C-alpha cells in the first residue's frame, strides 16, 4: 500500500535515513549539509507517519513522486540549479529522467582533506552528524556511487576515527587509513560508474552479458541456471541504484545477499567467509568475493560448441540462450581472461555461427571456431606484457608520463587536467596489476583499463571535443579498449600555439606535496606534446628530465625566485629546439 512505509519497515530508520541522504546529495550536489539533512528528516517523518497509518493522505504515492516533490521545494532552485527547476514542471517519470541528465560527473569540489585535528573534534561531538556529513560529501562528489556500498564505507570511515581519535599521534594513525579509504572510494565509484554507463549507453542486455561473464568466472561451480538467476537479480539491483532508486536498490540487494548465502553450497565455497557476517559487510564481501577453484568435471567444450551437427539448429531456435550458455561455459574456465576479452570472444563465436550457418555445409565451417580465438587472446596479453615490462623498468612516475604522452597524441583536443588524470590513473593500474601472479595480470589490467576509459568517456559526454573519442566511447562496450589502443596521432591536429607562460615555473611549486609537484610537471609534459605532437617519446622524456632538474635546482636555491626567473626562459626556448 505505502511504498515509503514498506522501505522504511524493510530497511530500518538508520539505513533508510542514510540512503535518503545519499540519494539527495547525489541529485542536488550543491546545497549545504544541513539543508539536505532537513529534507531527509522531513521525508523520514513522513515515512513514520505512513508506517503507522498507510491509508494516511499522500502515503500511497510513489517514492519518486515523494522525493521529486521534496527536491522541488528546495530554497533557490533556479539560482543554484537553473536547468533543474525546469525538471520540477514535469510529472513522473519524465521528472526523474530530467533530474538524472542533470547529475554532474565532475563537480570539481574542494578536495577532501584529512584534518585529524578539527574532524576528530566534530566526531567526539556528535558521531551521527559526522557520518552524515561524510555520506553527503561523497555522494555529491560521485553522484552514481553504489548507494548501499557508501553506507558500508561510512562504517569504515567511522571505525577509523574511533581507533585514531584516542591515539597519541592523530594524523599518525589516521592519514594512511583515510588515504587507503580514498583509493577504495575512487575504485568503487569507478566500478559503479561503468555499470550505470553500460545501462545508459548500451542497455540492460550489455549489463547482463558483462555479469554472466564475470559471475561465471567467480562461481565456476554454480550451474547456468543459478548464474542466470543471480545475474537477473543483480542487474535489477544496479538498474535501480543507477536510476537513483536507492531504497529499492538496497532492499533488493539484501534479498540477493540472503539468497546467495542460503545457496552458498551450490554457488561457491569462497562464500562462507562472507555469509558469517553482518548485513552491509556480508554484501560487501559477496560483491568482492574472489574466484572459486575450478571443478574437476568442467565439460570439454568442443563437443557441444564445435563438433555437434545440430549447432545451427540450436543457434536458430534460441540464440540468446545458446550464446549465454557458451558465455557461461567459456568464462567459468577462464578466470585468466578479462571480462571484455570474454565478451569479444562470445561475439566472434556468434559471428562465426552467423557466417557458417548460412553456407552449404556448416559443420565443416564452424569446426575450427575455437581456433579463431587465438589472436583475440594474444593481442591483449602482449599489450599487458609490454606495459608491465615498461612499468617494471621505469617505475610509476615515468610510466604515467609515457601514458600521458601516448593519450595526448591520440586525443590532443582533451583538456590537460583530463589527460594527466587519465595517464596517472592508468599508471596506477600498472602498480596495482603488474605485481600480481602472471595469470592475474591480464584480467586485472584490462578490467581496470575499462574503468579509466569509461571515466574518459563520461567526461567526454559532458564536454565533447573529439570525434575519434566519441566513436570509441559509443560504438561497443567490449571493443572500447582495442578501439582506444588503435588510436594514433590525430594527423590533422594543428599544434597548439606556443605560450611561454604555460612552461614558466615559480617558487610556489617548491612547497607543494610530491604528487602535486608531479601533476605540475605532467601537465607541462602534456602541453609539450600539444605544441609538438610529432616529438618522439624519447625527446619528451629528455626535455622533461631538463624541467625537473631545473625545478629541483631552483627549489634548493638561496633565492628560489631569481633562479626560476634567470634560468626559466633559457630552458623554455631551448626545449623547443630539442622537440623538433
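Only the largest set of C-alpha atoms that superpose within 1.5 Å between the two forms is called the rigid core. Numbering follows the first chain given and starts at 1.
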Core-aligned, RMS over all structures and residues: is 526-534 or 31-39 the stretch with the greater C-alpha displacement in 6 other deposited structures of this protein? 31-39
111-119 or 371-379, the stretch lying farther from the shown form in 6 other deposited structures of this protein by root mean square CA distance over structures and residues, after core fitting, is 111-119
Between the two ranges 120-128 and 289-297, the one averaging a larger CA B factor in the entry: 120-128
Tell me which stretch has the larger mean Cα B-factor in this entry, 246-254 or 135-143. 135-143
Name the one of 474, 466, 73, 401 with the greatest CA B-factor according to the PDB entry. 73
Identify, among 177, 208, 448, 284, the residue whose C-alpha carries the highest B-factor in the deposited PDB entry. 177
Among the modelled residues of its chain, the C-alpha B-factor of residue 45 falls in the third labelled middle
Residue 31: which third of its chain by C-alpha temperature factor? highest
Ranked against its chain, the third holding the CA B-factor of residue 516: middle
Third of chain Cα B-factors occupied by residue 453: lowest
Relative to the other modelled residues in the chain, which third contains the C-alpha temperature factor of residue 102: lowest, middle or highest? highest
